[PDB]
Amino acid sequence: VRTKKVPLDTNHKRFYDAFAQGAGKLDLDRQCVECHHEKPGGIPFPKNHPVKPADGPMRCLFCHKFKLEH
């Protein structure tokens, strides 16, 4: 099935804007961890979600596309 896109909402608008301005996806991915992380606090990944790699950030934007894209 389809994997979920980045919500276009107040929580993610700055990433949409940064992306539109030329920000690299790896730099953006690093900022996602602020909220999307493991216990305690924040927004935990579901069971079975991929875990972070040794080299560089988990590539959020590779699997979770922005909406409004071409």
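Note that residue numbering begins at 1 and tracks the sequence as displayed.
Remark: stretch with higher mean C-alpha B factor among 40 to 48 and 24 to 32 is 40 to 48.
Remark: stretch with higher mean C-alpha B factor among 52 to 60 and 13 to 21 is 52 to 60.
Annotation for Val6: CA B-factor lies in the lowest third of the chain's modelled residues. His70 sits in the highest third of its chain by CA B factor, as recorded in the PDB entry.
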